[PDB]
>>> print(open('start.cif').read())   # mmCIF, C-alpha atoms and all ligand atoms
data_coords
loop_
_atom_site.label_atom_id
_atom_site.label_comp_id
_atom_site.auth_asym_id
_atom_site.auth_seq_id
_atom_site.Cartn_x
_atom_site.Cartn_y
_atom_site.Cartn_z
CA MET A 1 15.86 15.91 2.40
CA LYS A 2 15.26 12.44 3.85
CA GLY A 3 14.04 9.36 1.94
CA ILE A 4 11.61 10.62 -0.70
CA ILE A 5 9.82 7.26 -0.89
CA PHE A 6 9.46 7.08 2.89
CA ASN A 7 8.29 10.71 2.91
CA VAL A 8 5.28 9.98 0.68
CA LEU A 9 4.56 6.81 2.67
CA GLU A 10 4.54 8.47 6.08
CA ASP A 11 1.70 10.54 4.61
CA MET A 12 -0.26 7.41 3.76
CA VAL A 13 -0.02 5.63 7.11
CA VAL A 14 -0.75 8.88 8.93
CA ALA A 15 -4.06 8.85 7.06
CA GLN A 16 -4.80 5.24 8.08
CA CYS A 17 -3.74 4.94 11.75
CA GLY A 18 -1.81 8.18 12.45
CA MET A 19 1.82 9.20 12.97
CA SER A 20 2.13 7.13 16.16
CA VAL A 21 1.95 3.90 14.14
CA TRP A 22 4.58 5.13 11.72
CA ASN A 23 6.98 6.10 14.48
CA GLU A 24 6.26 2.90 16.40
CA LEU A 25 7.03 0.19 13.84
CA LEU A 26 9.69 2.47 12.33
CA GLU A 27 11.67 2.64 15.57
CA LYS A 28 11.30 -1.12 15.98
CA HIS A 29 12.45 -2.01 12.44
CA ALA A 30 14.79 0.97 12.00
CA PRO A 31 18.62 0.38 11.95
CA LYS A 32 21.26 1.95 14.18
CA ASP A 33 21.39 5.15 12.13
CA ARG A 34 17.60 5.48 12.22
CA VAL A 35 17.45 7.73 9.14
CA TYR A 36 15.93 7.45 5.64
CA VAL A 37 17.86 9.21 2.85
CA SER A 38 16.53 9.66 -0.69
CA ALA A 39 19.99 10.25 -2.15
CA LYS A 40 21.29 6.99 -0.67
CA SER A 41 20.10 3.43 -1.34
CA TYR A 42 21.11 1.66 1.86
CA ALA A 43 18.63 0.37 4.43
CA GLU A 44 16.22 0.36 1.49
CA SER A 45 15.16 -3.16 2.47
CA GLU A 46 13.50 -1.65 5.53
CA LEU A 47 10.74 -0.47 3.19
CA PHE A 48 9.76 -4.09 2.51
CA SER A 49 9.79 -5.01 6.19
CA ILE A 50 7.64 -1.94 6.81
CA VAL A 51 5.18 -2.80 4.04
CA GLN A 52 4.57 -6.33 5.34
CA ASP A 53 4.32 -5.26 9.00
CA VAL A 54 2.21 -2.14 8.52
CA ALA A 55 -0.09 -4.52 6.64
CA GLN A 56 -0.35 -6.77 9.69
CA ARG A 57 -1.48 -4.04 12.09
CA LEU A 58 -3.58 -2.35 9.41
CA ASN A 59 -5.05 -5.83 8.90
CA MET A 60 -4.39 -5.97 5.16
CA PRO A 61 -2.62 -8.42 2.78
CA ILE A 62 0.91 -7.39 1.79
CA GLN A 63 -0.14 -7.67 -1.89
CA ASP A 64 -2.82 -4.99 -1.40
CA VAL A 65 -0.66 -2.77 0.78
CA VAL A 66 2.21 -2.69 -1.71
CA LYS A 67 -0.29 -1.83 -4.44
CA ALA A 68 -2.09 0.97 -2.59
CA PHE A 69 1.33 2.25 -1.55
CA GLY A 70 2.25 2.77 -5.21
CA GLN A 71 -0.97 4.51 -6.25
CA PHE A 72 -0.29 7.08 -3.55
CA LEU A 73 3.48 7.19 -4.11
CA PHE A 74 2.83 8.50 -7.60
CA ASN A 75 0.49 11.20 -6.30
CA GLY A 76 3.00 12.61 -3.80
CA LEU A 77 5.97 12.19 -6.14
CA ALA A 78 4.27 14.10 -8.95
CA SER A 79 3.92 16.99 -6.50
CA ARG A 80 7.72 16.93 -6.06
CA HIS A 81 8.57 16.29 -9.73
CA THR A 82 5.49 17.89 -11.26
CA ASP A 83 7.95 19.44 -13.71
CA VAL A 84 9.18 16.10 -15.03
CA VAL A 85 5.78 14.42 -14.96
CA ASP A 86 3.91 17.34 -16.55
CA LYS A 87 6.05 16.67 -19.64
CA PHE A 88 3.49 13.98 -20.52
CA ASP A 89 0.41 16.23 -20.43
CA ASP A 90 -1.44 12.86 -20.83
CA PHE A 91 -1.16 9.29 -19.46
CA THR A 92 -0.27 8.04 -22.96
CA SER A 93 2.83 10.22 -23.25
CA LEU A 94 4.09 9.19 -19.79
CA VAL A 95 3.84 5.38 -19.98
CA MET A 96 6.14 5.47 -23.02
CA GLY A 97 8.34 8.12 -21.35
CA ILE A 98 8.79 6.25 -18.06
CA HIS A 99 12.27 4.77 -18.37
CA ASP A 100 13.14 7.52 -20.84
CA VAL A 101 12.93 10.95 -19.14
CA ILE A 102 11.22 10.17 -15.83
CA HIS A 103 13.89 7.66 -14.75
CA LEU A 104 16.73 9.50 -16.50
CA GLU A 105 16.17 12.72 -14.54
CA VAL A 106 15.83 11.10 -11.11
CA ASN A 107 19.14 9.33 -11.77
CA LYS A 108 21.02 12.62 -12.08
CA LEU A 109 19.05 14.18 -9.23
CA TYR A 110 19.51 11.10 -7.04
CA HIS A 111 20.47 7.42 -7.03
CA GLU A 112 22.75 6.08 -9.77
CA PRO A 113 22.42 4.24 -13.14
CA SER A 114 20.66 1.18 -11.72
CA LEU A 115 16.93 1.86 -11.94
CA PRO A 116 14.55 -1.09 -12.72
CA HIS A 117 14.15 -2.21 -16.35
CA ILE A 118 11.06 -0.70 -18.01
CA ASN A 119 10.32 -0.68 -21.76
CA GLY A 120 7.10 0.98 -22.89
CA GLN A 121 5.98 0.23 -26.44
CA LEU A 122 2.92 1.75 -28.12
CA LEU A 123 0.43 -0.63 -29.78
CA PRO A 124 -2.77 -0.06 -31.83
CA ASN A 125 -6.36 0.43 -30.61
CA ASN A 126 -5.07 2.71 -27.85
CA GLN A 127 -3.09 -0.05 -26.10
CA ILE A 128 0.38 0.12 -24.52
CA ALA A 129 2.76 -2.78 -23.90
CA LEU A 130 4.88 -2.13 -20.84
CA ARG A 131 7.65 -4.62 -20.07
CA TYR A 132 9.07 -4.90 -16.54
CA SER A 133 11.99 -6.82 -15.03
CA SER A 134 14.16 -6.53 -11.90
CA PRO A 135 15.30 -8.80 -8.98
CA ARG A 136 13.24 -6.54 -6.71
CA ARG A 137 10.32 -8.52 -8.19
CA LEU A 138 8.32 -5.63 -6.70
CA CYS A 139 6.28 -5.44 -9.90
CA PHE A 140 3.17 -5.32 -7.72
CA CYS A 141 4.27 -1.76 -6.97
CA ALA A 142 4.64 -0.81 -10.63
CA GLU A 143 0.97 -1.65 -11.17
CA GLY A 144 -0.17 0.65 -8.38
CA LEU A 145 1.98 3.48 -9.75
CA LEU A 146 0.31 3.19 -13.16
CA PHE A 147 -3.16 3.44 -11.57
CA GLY A 148 -2.12 6.36 -9.37
CA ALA A 149 -1.10 8.45 -12.36
CA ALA A 150 -4.17 7.37 -14.32
CA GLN A 151 -6.64 8.43 -11.64
CA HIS A 152 -4.76 11.67 -10.98
CA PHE A 153 -5.96 12.57 -14.50
CA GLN A 154 -9.45 11.04 -14.26
CA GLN A 155 -8.26 8.45 -16.80
CA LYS A 156 -9.54 4.89 -16.34
CA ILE A 157 -7.40 1.98 -17.58
CA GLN A 158 -6.96 -1.79 -17.27
CA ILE A 159 -3.75 -3.82 -16.82
CA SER A 160 -3.26 -7.43 -17.87
CA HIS A 161 -0.25 -9.12 -16.25
CA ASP A 162 0.10 -12.71 -17.51
CA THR A 163 3.91 -12.78 -17.43
CA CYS A 164 5.52 -12.25 -14.03
CA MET A 165 9.12 -12.89 -12.99
CA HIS A 166 7.48 -14.08 -9.79
CA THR A 167 6.11 -17.14 -11.64
CA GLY A 168 9.58 -18.36 -12.65
CA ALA A 169 9.52 -16.13 -15.73
CA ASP A 170 12.68 -14.19 -16.62
CA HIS A 171 10.67 -11.00 -17.07
CA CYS A 172 7.14 -9.58 -16.98
CA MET A 173 4.48 -8.35 -19.43
CA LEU A 174 1.98 -5.62 -18.47
CA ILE A 175 -0.52 -4.48 -21.12
CA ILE A 176 -2.35 -1.22 -20.34
CA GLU A 177 -5.60 -0.92 -22.28
CA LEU A 178 -6.96 2.62 -22.62
CA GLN A 179 -10.73 3.10 -22.37
CA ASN A 180 -12.41 5.26 -25.03
CA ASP A 181 -15.83 5.25 -23.38
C1 LIG B 201 3.82 5.07 -13.52
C2 LIG B 201 5.10 5.57 -13.66
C3 LIG B 201 6.18 4.96 -13.06
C4 LIG B 201 6.52 3.66 -13.16
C5 LIG B 201 5.71 2.58 -13.80
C6 LIG B 201 7.74 3.50 -12.41
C7 LIG B 201 8.17 2.29 -11.92
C8 LIG B 201 9.19 2.13 -11.00
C9 LIG B 201 9.29 0.99 -10.12
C10 LIG B 201 8.38 -0.20 -10.09
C11 LIG B 201 10.23 1.30 -9.21
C12 LIG B 201 10.37 0.72 -7.84
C13 LIG B 201 11.53 -0.28 -7.75
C14 LIG B 201 11.15 -1.55 -8.46
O1 LIG B 201 11.10 -1.53 -9.72
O2 LIG B 201 11.01 -2.59 -7.76
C15 LIG B 201 10.84 2.52 -9.68
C16 LIG B 201 11.89 3.14 -9.05
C17 LIG B 201 12.10 4.49 -9.03
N1 LIG B 201 11.33 5.41 -9.70
FE1 LIG B 201 9.80 5.06 -10.88
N2 LIG B 201 8.27 4.72 -12.04
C18 LIG B 201 7.31 5.62 -12.44
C19 LIG B 201 7.36 6.97 -12.18
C20 LIG B 201 8.44 7.62 -11.65
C21 LIG B 201 8.51 9.05 -11.45
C22 LIG B 201 7.49 10.07 -11.81
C23 LIG B 201 9.72 9.29 -10.92
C24 LIG B 201 10.20 10.53 -10.54
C25 LIG B 201 9.61 11.22 -9.49
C26 LIG B 201 10.27 8.01 -10.55
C27 LIG B 201 11.23 7.83 -9.59
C28 LIG B 201 11.74 6.62 -9.20
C29 LIG B 201 12.77 6.46 -8.20
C30 LIG B 201 13.44 7.54 -7.43
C31 LIG B 201 13.07 5.15 -8.18
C32 LIG B 201 14.28 4.52 -7.58
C33 LIG B 201 14.00 3.95 -6.18
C34 LIG B 201 15.29 3.56 -5.53
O3 LIG B 201 16.08 2.82 -6.18
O4 LIG B 201 15.51 3.97 -4.36
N3 LIG B 201 9.54 6.98 -11.12
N4 LIG B 201 10.04 3.13 -10.62
#
>>> encode(input="start.cif", output="structure tokens")
Amino acid sequence: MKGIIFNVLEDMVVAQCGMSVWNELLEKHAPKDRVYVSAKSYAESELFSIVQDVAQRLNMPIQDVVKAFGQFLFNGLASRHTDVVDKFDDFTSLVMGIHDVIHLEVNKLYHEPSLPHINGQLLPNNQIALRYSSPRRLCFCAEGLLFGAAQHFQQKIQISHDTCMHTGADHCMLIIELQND
């Protein structure tokens, strides 16, 4: 009933340094309200400030922290939306269903028509072309999410990101190759 994203995160930090670290940097970087709502979208920037700081104390690079954060975010989320996710029965069905159902249901349940831009297209040889674009330029997170869902189903995959809005590009290009080993 309070910030779904922050809820799954609190579980991650608690596993790294404990709840004291989460409450410490949270109270320092928290606003006047001092509350994280999942239905709202305000004070959402605090997540970024928390990801870079938590990385400092945890002694980790922000690029790795944001990634790991995603992998786990998917795990916890699935447990809350197992109904929506389970509609894929397999990593292949989800990647292409991301924007589609997964982001269409959360919109009605929370937030409002303004979710990142994701276009999954199926290719041959068991490959999937996933396009990503959004000012948040938090693509680094999208990668982690893809790996989190893959592992959850003992499914190994590889992602090639040559196009990144972070490199002046207007969008991004993430190709997820599926292993048939
Ligand atoms: C691997 C699968 C997924 C991908 C690649 C994906 C990707 C993204 C990305 C990267 C964001 C973070 C904002 C940003 O783009 O910078 C986003 C936002 C969001 N996604 Fe997903 N998503 C996935 C699965 C899901 C699932 C399963 C749900 C439902 C539980 C979901 C719920 C959300 C929510 C709630 C937001 C909005 C965050 C906000 O604006 O406060 N997504 N998604």
>>> closest_atom_pairs(input="start.cif", of="chain A", to="ligand LIG 201 (chain B)", cutoff="7 Å", atoms="only C-alpha atoms and all ligand atoms", output="Markdown table")
| residue | atom | partner | partner_atom | distance |
| --- | --- | --- | --- | --- |
| A:38 | CA | B:LIG201 | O4 | 6.8 |
| A:41 | CA | B:LIG201 | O4 | 5.5 |
| A:44 | CA | B:LIG201 | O4 | 6.9 |
| A:74 | CA | B:LIG201 | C22 | 6.5 |
| A:77 | CA | B:LIG201 | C25 | 5.0 |
| A:78 | CA | B:LIG201 | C22 | 5.9 |
| A:80 | CA | B:LIG201 | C25 | 6.9 |
| A:81 | CA | B:LIG201 | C25 | 5.2 |
| A:85 | CA | B:LIG201 | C22 | 5.6 |
| A:95 | CA | B:LIG201 | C2 | 6.4 |
| A:98 | CA | B:LIG201 | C2 | 5.8 |
| A:102 | CA | B:LIG201 | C23 | 5.2 |
| A:103 | CA | B:LIG201 | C26 | 5.6 |
| A:106 | CA | B:LIG201 | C30 | 5.7 |
| A:111 | CA | B:LIG201 | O3 | 6.4 |
| A:115 | CA | B:LIG201 | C32 | 5.8 |
| A:116 | CA | B:LIG201 | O1 | 4.6 |
| A:134 | CA | B:LIG201 | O1 | 6.3 |
| A:136 | CA | B:LIG201 | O2 | 4.7 |
| A:137 | CA | B:LIG201 | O2 | 6.0 |
| A:138 | CA | B:LIG201 | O2 | 4.2 |
| A:139 | CA | B:LIG201 | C10 | 5.6 |
| A:141 | CA | B:LIG201 | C10 | 5.4 |
| A:142 | CA | B:LIG201 | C10 | 3.8 |
| A:143 | CA | B:LIG201 | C5 | 6.9 |
| A:145 | CA | B:LIG201 | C1 | 4.5 |
| A:146 | CA | B:LIG201 | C1 | 4.0 |
| A:149 | CA | B:LIG201 | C1 | 6.1 |
>>> residues_around(input="start.cif", residues="residue 54 (chain A)", least_positions_apart="6", cutoff="10 Å", atoms="only C-alpha atoms", output="list in words")
residues 13, 17, 21, 22, 25, 26, 48, 60, 61, 62 and 65 of chain A
>>> write_last_selection(input="start.cif", atoms="C-alpha atoms", output="mmCIF file, keeping the file's coordinate frame")
data_model
loop_
_atom_site.group_PDB
_atom_site.id
_atom_site.type_symbol
_atom_site.label_atom_id
_atom_site.label_comp_id
_atom_site.auth_asym_id
_atom_site.auth_seq_id
_atom_site.Cartn_x
_atom_site.Cartn_y
_atom_site.Cartn_z
ATOM 1 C CA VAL A 13 -0.020 5.630 7.110
ATOM 2 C CA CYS A 17 -3.740 4.940 11.750
ATOM 3 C CA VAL A 21 1.950 3.900 14.140
ATOM 4 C CA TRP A 22 4.580 5.130 11.720
ATOM 5 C CA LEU A 25 7.030 0.190 13.840
ATOM 6 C CA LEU A 26 9.690 2.470 12.330
ATOM 7 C CA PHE A 48 9.760 -4.090 2.510
ATOM 8 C CA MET A 60 -4.390 -5.970 5.160
ATOM 9 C CA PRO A 61 -2.620 -8.420 2.780
ATOM 10 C CA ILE A 62 0.910 -7.390 1.790
ATOM 11 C CA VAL A 65 -0.660 -2.770 0.780
#
>>> atom_distance(input="start.cif", atom1="CA of residue 170 (chain A)", atom2="CA of residue 117 (chain A)")
12.1 Å
>>> residues_around(input="start.cif", residues="residue 124 (chain A)", least_positions_apart="6", cutoff="12 Å", atoms="all atoms listed in the file", output="list in words")
residues 175, 176, 177 and 178 of chain A
>>> closest_residue(input="start.cif", among="A:56, A:125, A:75, A:133", to="residue 12 (chain A)", atoms="only C-alpha atoms")
A:75
>>> atom_distance(input="start.cif", atom1="CA of residue 36 (chain A)", atom2="CA of residue 70 (chain A)")
18.1 Å
>>> closest_residue(input="start.cif", among="A:16, A:169, A:174, A:43", to="residue 59 (chain A)", atoms="only C-alpha atoms")
A:16
>>> residues_around(input="start.cif", residues="residue 90 (chain A)", least_positions_apart="3", cutoff="10 Å", atoms="all atoms listed in the file", output="PyMOL selection string")
chain A and resi 85-87+93-95+149-150+153+155
>>> atom_distance(input="start.cif", atom1="CA of residue 126 (chain A)", atom2="CA of residue 172 (chain A)")
20.5 Å
>>> residues_around(input="start.cif", residues="residue 163 (chain A)", least_positions_apart="2", cutoff="10 Å", atoms="all atoms listed in the file", output="list in words")
residues 131, 132, 160, 161, 165, 166, 167, 168, 169, 170, 171, 172, 173 and 174 of chain A
>>> closest_residue(input="start.cif", among="A:69, A:19, A:57, A:6", to="residue 45 (chain A)", atoms="all atoms listed in the file")
A:6
>>> residues_near_point(input="start.cif", point="(6.1, 1.0, -24.8)", cutoff="6 Å", atoms="only C-alpha atoms", output="ChimeraX atom specification")
/A:96,119-122,128-130
>>> closest_residue(input="start.cif", among="A:104, A:14, A:55, A:109", to="residue 40 (chain A)", atoms="only C-alpha atoms")
A:109
>>> residues_around(input="start.cif", residues="region 30-35 of chain A", least_positions_apart="6", cutoff="10 Å", atoms="only C-alpha atoms", output="short mmCIF file (atom, residue, chain, number, x, y, z; two decimals) with C-alpha atoms, keeping the file's coordinate frame")
data_model
loop_
_atom_site.label_atom_id
_atom_site.label_comp_id
_atom_site.auth_asym_id
_atom_site.auth_seq_id
_atom_site.Cartn_x
_atom_site.Cartn_y
_atom_site.Cartn_z
CA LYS A 2 15.26 12.44 3.85
CA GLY A 3 14.04 9.36 1.94
CA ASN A 23 6.98 6.10 14.48
CA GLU A 24 6.26 2.90 16.40
CA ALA A 43 18.63 0.37 4.43
CA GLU A 46 13.50 -1.65 5.53
CA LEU A 47 10.74 -0.47 3.19
CA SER A 49 9.79 -5.01 6.19
CA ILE A 50 7.64 -1.94 6.81
#
